Number of protein chains: 4
Amino acid sequence: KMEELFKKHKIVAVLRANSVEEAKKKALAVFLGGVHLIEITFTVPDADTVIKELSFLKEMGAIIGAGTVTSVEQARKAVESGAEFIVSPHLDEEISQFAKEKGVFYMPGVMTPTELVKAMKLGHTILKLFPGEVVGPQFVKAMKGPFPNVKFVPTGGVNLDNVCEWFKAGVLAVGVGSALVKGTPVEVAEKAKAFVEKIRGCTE
Amino acid sequence: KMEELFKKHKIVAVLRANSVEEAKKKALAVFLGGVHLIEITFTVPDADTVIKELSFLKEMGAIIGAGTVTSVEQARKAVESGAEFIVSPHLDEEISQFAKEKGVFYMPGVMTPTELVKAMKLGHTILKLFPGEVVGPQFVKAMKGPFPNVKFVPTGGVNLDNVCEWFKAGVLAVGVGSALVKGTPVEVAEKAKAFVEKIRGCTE
Amino acid sequence: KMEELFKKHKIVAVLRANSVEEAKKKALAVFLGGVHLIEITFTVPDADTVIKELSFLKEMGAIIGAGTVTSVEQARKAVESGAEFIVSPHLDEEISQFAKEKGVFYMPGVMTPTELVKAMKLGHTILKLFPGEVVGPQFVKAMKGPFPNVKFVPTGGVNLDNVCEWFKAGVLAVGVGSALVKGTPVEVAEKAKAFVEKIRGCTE
Amino acid sequence: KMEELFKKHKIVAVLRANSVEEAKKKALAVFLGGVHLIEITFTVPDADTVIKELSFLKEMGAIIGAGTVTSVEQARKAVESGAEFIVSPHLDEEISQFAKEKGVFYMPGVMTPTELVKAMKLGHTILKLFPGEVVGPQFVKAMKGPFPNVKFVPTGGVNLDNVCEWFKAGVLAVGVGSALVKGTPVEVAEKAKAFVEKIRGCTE
């Protein structure tokens, strides 16, 4: 179900903020701009409170998840607060097992073929590629040969100029951080609209 | 308390829409653009449902009221759904009495000196001026002589070009309909920001 | 039935004259020019005699009514003389009740939202807007928001240059006085034809 | 008697001031400039004292009345202080009845055909038109058709440029406020002379 949501929506807002209020305002702004997949990172103060207080957006068709999850304790708080997916920057076997037992989609971060194969052995075929700005679209193209069934969601350095190159490399979706979420709520809503239009114009 | 909110915020979004979903999206858009006073008109389908489902914005500092109220039945539904103020296009003695008994702020609409004096005799000193595009800022200036203590909130034809003329005439606030609320959610948020900046630039 | 006649014919001749003979000649002239709705105003001397003596035009498809009715006494004389509709410059509760008891269409005049709501509470949804030259087409557009089911027939200052602006504002019909009825019988018949052609050219 | 004074003098000074002393100085200035009808508005501090202290000007042929009367209490104080006429911005049934019982001329303010007909039913045929700057000379021309016997005294926005247009529309007299009464006593006397000369030059 989560794979079909990533495939349909093609973009995840990777939300970093300095407060609960700033995070909520930015989550609303990206949703009003047409971004339905919203990742509340655990670098946001009280990220569990932010996820819980955004739960009303699910009735409007938002999908609220947790990102930068680095412990089972954080994964637990995220799920208890109503996170619909979990994202980490790394591969975490304890978070993988916890997410499997809870029936919650987990997207581990990988950077190498060895980490990719470890993630596959834990049952993961949809992988965060992080940092995307270091490995680039070339890594995604290289992995298509030996790993044809693995799908990537790159995070890091995705912007309006390179987003169509990522889709041409064969990514499932993109995780967009500062290029989307940096600025005032109005500028964030305008950037969200521009990303949705740019992605549509190179994936239809 | 409601007078000080009108004086502080200086703008009310007069929200007309064809559905509950459109009304909610536009209410969020004006709030994200910095408009805190939001009038859900009873020409919106299920306007009571819209008011109830927007109640979470009150925790963010939105003030949600009802507009185009033309019966005590509509006034009751609005208050039960959590409306914080009532607005009508006309003077209504039954709505005035009901609002007084409920302890809810009522802003009747007036167009004439006779209707103004009737509204004052019912205890109203803050009056909707409607239609504002017919009577203009000249009516507000004319009423300052005989009625120095009456304050107006004009509705109808208020736009970015004339809003500062309304404040120069001595209005308390402005009710803005189609010039703010018409368009996509993104265009409505941008127009809300432009109205807030324009009003600030001629009232500070 | 009267609503469908106003909707079909789109124009009422508002007939003012200084004698019975002048009124009859002008009523014939507007009818020969294609205007079927003819309002004999009670500012015409012996207006009841004029209505009675024009009764033969009903067999030709003219609809003869009374205008400038300001008392139940005048309303009675108009109906007894065979008036098919009553028009007043104001809202009159006694004329409203009398017209309801007689089963005769009454079109009250209104200028304000408060008078409009009073007229609606008396069962009137088709309202004379008077004076039309003071409130303009902007008033009709403003009333469409809060009062979508109310239909206007403006009277006062309607002419060949502005008649299409009134229809674009969403009026049901127009009441035309001096711009149609002033002049010789020949000039009145030519003006009637010009109004019918102008209205057709912007309402089809 | 008051109708013939309005018809003869054609102008009423509508006197607003911030003190008894300023009001008296301005009343003297307009009288020395040839304006005999002087309306002391109840927005003047101690307006009853001003009327009483101007009573000596009646021996010189000044006609001193009260304006902006909005209660029977104010009407009583005005009459007890020697007001020769009462003016209000609105139609007031209690002031109408009180003025009738006292045998004092009352000129109610009206803005609509409905208020006009209410004023006529209370015995008033000479009406203040207020605010004159909103309804304009076009309203006076429109009322001549349905209400040939009603006479208007417009107040609000009357000045040296438009005063002759008001007389061409068929007003009985004009009420002149800020265009006459604003300035030093010398400037007010010069403006009074200029208004009297301008009115004479378009009404003789």
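Residues numbered from 1 in each chain as written, not as in the entry; some residues may be left out. Chains lettered and ligands numbered in written order. Part of a larger assembly, values for the part shown. Heavy atoms only, no water.

1. Here's the deal with the overall build of chain A
Right, on to step 1. Along its length, chain A carries ten helices and nine strands.
Right, on to step 2. Relative to the globule expectation of 17 Å for 204 residues, the C-alpha radius of gyration of chain A, 16 Å, shows essentially globular dimensions.
Right, on to step 3. Burial statistics for chain A: of 204 residues in total, 52% are counted as buried.
Right, on to step 4. Within chain A, counting contacts between residues at least 6 apart in sequence, those at least 24 apart form 57% of the total. (Helix = DSSP H or I, 4+ residues; strand = E, 2+ residues; numbered from the N terminus. Rg over C-alpha atoms; globule rule 2.2 N^0.38 Å. Buried < 20%, exposed > 50% of the residue type's maximum accessible area, 1.4 Å probe, protein only. Contact = heavy atoms within 4.5 Å.)

2. Quick look at the state of the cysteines
A covalent bond bridging the sulfur atoms of two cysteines is what the word disulfide describes.
Residues and elements named next belong to chain A.
Right, on to step 1. On inspection of all chains with the given rule, the structure shows four disulfides over all chains.
Right, on to step 2. Between the sulfur atoms of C164 and its disulfide mate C202 the distance is 2.1 Å. In this structure the cystine formed by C164 and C202 twists about its S-S bond by roughly -85°; its chirality is therefore left-handed. With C164 in helix α8 (residues 163–169) and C202 in helix α10 (residues 185–203), the pair connects residues that are 38 residues apart, well separated along the chain. (Disulfide = S-S within 2.5 Å.)

3. Remarks on the packing of helix α2 (residues 20–32) of chain D against helix α10 (residues 185–203) of chain D
All names here are of chain D.
Right, on to step 1. It is the contact of α2 with α10, at a shortest axis distance of 7 Å, that shows an interaxial angle of 35°. Where α2 crosses over α10, the two elements pack in a sense that is right-handed. Each of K25, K26, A29 and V30 in α2 lies in contact with α10, whose residues at this interface are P185, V188, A189 and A192. (Axes fitted to C-alpha atoms, helices over the stretch in contact; angles between N-to-C directions. Left-handed = near helix turned anticlockwise from the far one by under 90°.)

4. Details of the relation of the copies chain D and chain B
Right, on to step 1. Mapping chain D onto chain B is achieved by rotating through 120° and translating by 0.0 Å along the same axis, at an RMSD of 0.0 Å. Taken together, the turn and the small shift mark the pair as related by a three-fold rotation axis. Scanning chain D for the C-alpha nearest the rotation axis identifies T112 of chain D, at a separation of 4.6 Å.
Right, on to step 2. A different interface surface on each copy is seen, since only 19% of the contact residues of chain D are contact residues in chain B too. (Least-squares fit on C-alpha atoms.)

5. A short note on the relation of the copies chain D and chain C
Right, on to step 1. Each copy superposes on the other: chain D lies on chain C with an RMSD of 0.0 Å after a rotation of 120° and an axial shift of 0.0 Å.
Right, on to step 2. A low fraction, 20%, of the interface residues of chain D reappear at the interface in chain C, so the copies pair through non-equivalent surfaces.

6. Examining the packing of aromatic side chains
Two descriptors summarise a pair of aromatic rings, namely the distance from one centre to the other and the angle between the planes of the rings.
Right, on to step 1. According to the stated counting rule, one finds 13 aromatic pairs over all chains in the structure shown.
Right, on to step 2. Ring geometry for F139 of chain B and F152 of chain B: centres 6.1 Å apart, planes at 75°, overall edge-to-face. Of this pair, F139 of chain B sits in helix α7 (residues 132–144) while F152 of chain B sits in strand β8 (residues 151–154), placing them 13 residues apart in sequence.
Right, on to step 3. For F152 of chain B, a relative accessible area of 2% corresponds to the buried category.
Right, on to step 4. Taken together, the ring pairs in this structure connect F6, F85 and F105 of chain A into an aromatic cluster.
Right, on to step 5. A cation over a ring is seen here: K128 of chain A above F130 of chain A, with NZ or CZ 5.3 Å from the ring centre. (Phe/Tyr/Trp six-rings, centres within 6.5 Å; stacked < 30°, edge-to-face > 60°. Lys NZ or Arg CZ within 6 Å of the ring centre and 35° of its normal.)

7. Things to note about the interface of chain D and chain B
Right, on to step 1. Each side of the interface is counted separately: chain D has 16 residues, and chain B has 15 residues.
Right, on to step 2. Between chain D and chain B, roughly 1,100 Å² of surface is buried when both sides are summed, and carbon and sulfur atoms account for 70% of that area.
Right, on to step 3. Taken together, the connections running from chain D to chain B amount to zero salt bridges.
Right, on to step 4. Elements that contribute at least two residues to the side of chain D that touches chain B include exactly α6 (113–121) and α7 (132–144) of chain D. (Buried area = accessible area lost by both parts, 1.4 Å probe. Salt bridge = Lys/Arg side-chain N within 4 Å of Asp/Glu carboxyl O.)

8. Examining the sheet that holds strand β6 (residues 109–110) of chain A
Right, on to step 1. Strand order across the open sheet formed by three strands is β6-β7-β8 (chain A), with parallel pairing between neighbours. At either margin of the open sheet sits one strand with a lone partner, and together these are β6 and β8 (151–154) of chain A. (Pairing = 2+ DSSP bridges.)

9. Notes on the side chain of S81 of chain A
Residue and element names in this part refer to chain A.
Right, on to step 1. Within the element layout of this structure, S81 appears in the loop between α4 (72–80) and β4 (85–87).
Right, on to step 2. A relative accessible area of 12% means that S81 is categorised as buried.
Right, on to step 3. A polar contact of 2.8 Å, which involves the side chain of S81, links it to the backbone oxygen of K77.
Right, on to step 4. Excluding anything up to four places from it in sequence, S81 contacts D48, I51, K52 and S55. (Polar contact = N/O pair within 3.5 Å; in protein donor to acceptor, adjacent residues only side chain to side chain.)

10. With respect to the interface of chain D and chain C
Right, on to step 1. If you look at the interface, chain D gives 15 residues, while chain C gives 16 residues.
Right, on to step 2. In total, chain D and chain C occlude about 1,100 Å² of area from one another, counting both sides; carbon and sulfur atoms represent 70% of this.
Right, on to step 3. When residues of chain D are sorted by the area they lose upon contact with chain C, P113, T114 and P146 of chain D head the list and together hold 36% of the total.
Right, on to step 4. At the boundary of chain D with chain C, the tally comes to zero salt bridges.
Right, on to step 5. Counting every contact that joins chain D to chain C gives three residue pairs in polar contact.
Right, on to step 6. Elements with a minimum of two residues in the side of chain D that touches chain C: α6 and α7 of chain D.
Right, on to step 7. Tallied by class, residues from the side of chain D that touches chain C come to nine nonpolar, four polar and two charged. (Nonpolar A, V, L, I, M, F, W, Y, C, P; charged D, E, K, R; others polar.)

11. A word on the sheet that holds strand β8 (residues 151–154) of chain D
Within a sheet, each strand pairs with its neighbour through backbone hydrogen bonds, oriented either parallel or antiparallel.
Residue and element names in this part refer to chain D.
Right, on to step 1. Pairing is parallel in the open sheet, where three strands are placed in the order β6-β7-β8. Where the open sheet ends on each side, the last strands, each with one partner, are β6 (109–110) and β8.
Right, on to step 2. Inspection of the sheet shows strand β7 (residues 126–129) paired to β8 by four bridges, in the parallel sense. Residue pairing in the sheet places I126 in a bridge with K151 of β8.

12. Thoughts on the pairing of strand β7 (residues 126–129) of chain B
Residue and element names in this part refer to chain B.
Right, on to step 1. On β7, burial covers both faces: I126 and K128 on one face and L127 and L129 on the other are all buried.
Right, on to step 2. Pairing geometry for strand β6 (residues 109–110) and β7, over two bridges, is parallel. Bridging from a neighbouring strand, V110 pairs with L129 of β7.
Right, on to step 3. Handedness of the crossover joining β7 and β8 through α7 is recorded here as right-handed. (Right-handed = clockwise from strand over helix to strand, strands pointing away.)

13. Notes on helix α6 (residues 113–121) of chain B
For an α-helix the count is 3.6 residues per turn, leaving residues at separations of three or four pointing the same way.
Right, on to step 1. Listed in full, the buried residues belonging to α6 of chain B are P113, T114, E115, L116, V117 and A119 of chain B.
Right, on to step 2. Residues of α6 of chain B that are buried sit in contact with β6, β7, α7 and β8 of chain B, α6 (113–121) of chain C together with α6 of chain D.
Right, on to step 3. Just beyond α6 of chain B, the residue with positive phi is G123 of chain B, at close to 95°.

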